[PDB]
Ligand code: HEM
Ligand code: HEM
Ligand SMILES: OC[C@H]1O[C@@](CO)(O[C@H]2O[C@H](CO)[C@@H](O)[C@H](O)[C@H]2O)[C@@H](O)[C@@H]1O
Ligand SMILES: OC[C@H]1O[C@@](CO)(O[C@H]2O[C@H](CO)[C@@H](O)[C@H](O)[C@H]2O)[C@@H](O)[C@@H]1O
């Protein structure tokens, strides 16, 4: 079964790379071998780089796949000592941030006996009883249990929580200078700044499994740049998250929030307008929900031109703001999940 | 036989819900089994027809307004076979449904075999032309024109009923003006919007679906409820394959630009729904906003739990096309199993 998934991957990659049937066979030969010698096989560095790009390209729930081939992949399968591991994490965050103009990065670690990461994202705000991000409560209790103690504000950057093989779980705090943050303000509603809201620049998912032709990489944090509604609608407004609708509505001076007023709806638009332009002011990359969809159309065009069909999960590709104003809203998608890809941990 | 299976499942589900003794159910199943052998199908007890229609609305996975299923006003018109009575029954439904603005949910079920045939998508819809009107009603408008119907050629020409009684040509019938309640759209804060001369009808009456109850298919059974703001303010007015009014409306709201990062497109959308909502309110026509409708759906789920029934649904349709994250249904999935009785699109 392993060789079967492996074969599938090699064929697709090489066919897409216009490789002579000849070498394809040689490669399958080499693989079939070490699968017997070992139990699994090892991807060439070209396959690892191409496999991760393909995984992003098959990520059905991703609206930003237009830039899939832009991924900067880092082979860290050899990282086994604490110093180099930590060094690789900070390097990723530093190179991804790129002084504001974010760059797609993925740091792939060893598929077996490798560094384990417990964070949902390399960068997240703690979640406490009376403040913080409710979604990060679990990971925050773990941090505290380990000995970590944050300032206790609404935006305490959680530390990297990791564990090397044959060692206990540890946590590492990033120097604040490493994490770029964006104060949120509205150039038409002075009172918004008074709420002291802000968000980090780079979203680095570190709790998913990367699968390339049979091999499963349990640790391979990756990042892109935000799309307004992620911060302005879900992070800040979801009732199970920061749930700031009321405080923000006040900053916008809406005397009421009765459903009849449609102020709840106006507050959402304004908040995303503030988030977007606050990021723009800090020189940090961000894309608005509608532009993000236009870029997605191009992705679809670029794929059809390469003879590939487009898969996707409708409910995710559609933004939580003026969804009908996006092309993808008006038709369905084939949610078929292909390999390579990213999956949730069991 | 296949028919009896479905009739039985319906009878059992229904009578069980009404707490009817086992003997009552078995007696009914006998009578049904009997008349299927003697005639091909069976006839629904008037009670079964009324409760069956309500179970159909309650099982409709795509409907956010199911909290009111219990209140459906069912009209049995399986006896109507002549034209004059057919039309009369239509104006009656429209009359009762509208109720001068205090809209009431109604459904008229005609004969399941050899009954009146209806071609409209909704009893009330605006004509669709090549240079104006509702693009969605092009096909139906072509038919109306072919039959000799001729409208003033505006963006809002109320189409005529198009029907056909057995062994008779397809005809069209124009509703009296007084019969069709309409609402002019205007925004209190934006006087320029009135200048667009927009409006919409009060009652949404679906007339293009099949009602299925215990194996019995009722092809002609128009139903209605009242509108939820986004159906008009977002889809009907803004979809590019509908009236496509974003640019025009934006100008009425005086937006200097519609470039994406300006977010005016989104403000324009919220403002247009605010207009549509209060316009209906000003004219005294029932309407519910998207968020309020979703709150009522929460109640529906609470009531259904208390009745031992599970709730099915189609997520993408339940989530409104405006600030969907502000509705509870957006944050979890829904079992889209289609149970009977139910409504179906005509094949
Ligand atoms: C370049 C900028 C990018 C943009 C703007 C973009 C945008 C998005 C958005 C809006 C989501 C929805 C998140 C949510 O609301 O839950 C998402 C999900 C996703 N994206 Fe992208 N993306 C980008 C880069 C990346 C990269 C680099 C990868 C892969 C290496 C990727 C993989 C995915 C995956 C796996 C999901 C689903 C994750 C989940 O299940 O929660 N994205 N992306
Ligand atoms: C009493 C007020 C009601 C409200 C506010 C309500 C609201 C809605 C909404 C918002 C939709 C989606 C429309 C669209 O986007 O195309 C819908 C669909 C639906 N509703 Fe309701 N509804 C009501 C009454 C009814 C009644 C009385 C019935 C059944 C006898 C019903 C049957 C359905 C069905 C079958 C659909 C799907 C129709 C389609 O496929 O286009 N609804 N309703
Ligand atoms: O936009 C992509 C999305 O559209 C659907 C709608 O059914 O299919 C269309 O696009 C495909 C290309 O990805 C074509 O293969 C297909 O023929 C066309 O109808 C979805 O299947 C697809 O996910
Ligand atoms: O809300 C209905 C919807 O919820 C799901 C999961 O999203 O089912 C869970 O919640 C129901 C509460 O209404 C329970 O009856 C059900 O047992 C539970 O699993 C869907 O399956 C359902 O469509």
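Readers should treat all values here as calculations from the given coordinates under stated rules, not as data from a laboratory. Neighbour counts are summed over all protein chains in view; Cβ atoms, including those assigned to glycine, are modelled from backbone coordinates with ideal geometry.
Within 10 Å of each residue's Cβ, count the other Cβ atoms and sort B:177, B:108, B:141 from fewest upward.
Details: B:177 8, B:108 27, B:141 24.
Listing B:177, B:108, B:141 from fewest to most nearby Cβ atoms yields B:177, B:141, B:108.
If you find the alpha carbon centre of segment A:36-114 and of segment B:75-114, how far apart are they in angstrom?
Cα centroid to Cα centroid, the span is 65 Å.
Counting only other chains, what is the mean number of Cβ atoms within 10 angstrom of the Cβ of each residue in peptide A:278-291?
Details: counts 0, 0, 1, 0, 0, 0, 0, 0, 1, 2, 7, 3, 7, 3.
So the per-residue partner count for this stretch is 2.
Shape of segment A:10-78 from its Cα gyration tensor (a ≥ b ≥ c, root eigenvalues): rounded if a/c is under 1.5, otherwise prolate when a/b > b/c, or oblate? List each step's numbers first, then the result.
Numbers: a/c = 2.38, a/b = 1.60, b/c = 1.49.
Cα axes put segment A:10-78 in the prolate bin.
What average count of beta carbons from other chains do you get within 10 Å of the Cβ of residues in B:312-323? Provide the component values of the computation, followed by the final result.
Working: counts 0, 0, 0, 2, 6, 0, 0, 4, 1, 6, 7, 13.
The mean count of partner-chain Cβ atoms within 10 Å per residue comes to 3.
Would you calculate, for chain B, the mean residue ellipticity at 222 nm contributed by helices, counting each DSSP H stretch of 4 or more residues as -39,500 (n - 2.57) and dividing by all residues, to the nearest 500?
Values: 9 runs with 119 residues, N = 347.
Computed ellipticity for chain B at 222 nm equals -11000 deg cm²/dmol.
When chain B is modelled as a GNM with alpha-carbon springs shorter than 10 Å, which of B:236, B:208, B:145 fluctuates the most?
B:145
Normalised by the residues of chain B, what does the relative contact order come to in percent, with Cα pairs under 8 Å and at least six apart? Each step should come with its number before you reach the end.
Values: 589 pairs, mean separation 73.0, N = 347.
Value for chain B: 21 percent.
Rounded, prolate or oblate: which fits the protein assembly as shown, taking a ≥ b ≥ c as square roots of the Cα gyration tensor eigenvalues, rounded meaning a/c under 1.5, else prolate when a/b beats b/c?
Numbers: a/c = 2.07, a/b = 1.61, b/c = 1.29.
Prolate.
Can you give the alpha-carbon Rg of segment A:187-307 over 2.2 N^0.38 Å, where N counts its residues? Could you put the intermediate results ahead of the total?
Numbers: Rg = 18.2 Å, N = 121, 2.2 N^0.38 = 13.6 Å.
Rounded to two decimals, the normalised Rg is 1.33.
Using Cα pairs under 8 angstrom and six or more residues apart, how large is the relative contact order of segment A:251-346, in percent? Intermediate results must be reported in sequence, preceding the final value.
Numbers: 54 pairs, mean separation 18.4, N = 96.
Once divided by the residue count of segment A:251-346, the mean separation gives 19 percent.
How many partner chain Cβ atoms sit within 10 Å of a residue's Cβ in peptide B:262-272, on average, as a whole number?
Details: counts 4, 13, 2, 5, 13, 6, 3, 6, 10, 4, 0.
The per-residue average across the peptide is 6.
If you line up the long axis of helix B:46-59 against the longest principal axis of chain B, both from Cα atoms, how many degrees apart are they, to the nearest 10?
It works out to around 50 degrees.
Give me the one-decimal nm value for the distance between modelled label points at residue A:20 and residue A:149, 7 Å along each residue's Cα-to-Cβ direction.
Between residue A:20 and residue A:149, the label points sit 6.8 nm apart.
Ratio of chain B's C-alpha Rg to 2.2 N^0.38 Å, to two decimals?
That works out to 1.08 for chain B.
Among A:46, A:173, A:11, which one moves the most in a GNM of chain A with springs linking Cα atoms closer than 10 Å?
Per the Cα network of chain A with a 10 Å cutoff, A:46 tops the list.
Could you work out Rg/(2.2 N^0.38 Å) for segment A:151-199, with Rg from alpha carbons only?
Cα Rg divided by the expected 2.2 N^0.38 Å: 1.70.
Of the candidates B:286, B:316, B:262, which one comes out as most mobile in a Gaussian network treatment of chain B with C-alpha springs shorter than 10 Å?
B:262
If one takes the longest principal axis of the Cα atoms in chain B, at what angle in degrees, from 0 to 90 and to the nearest 10, does the Cα axis of helix B:290-305 lie?
20 degrees
What number, in nm² with one decimal, is the all-direction average of the projected area of the convex hull of the alpha-carbon atoms of segment A:50-179? Before the final figure, lay out the partial values.
Details: hull surface 36.6 nm².
Mean projected area of the Cα convex hull: 9.1 nm².
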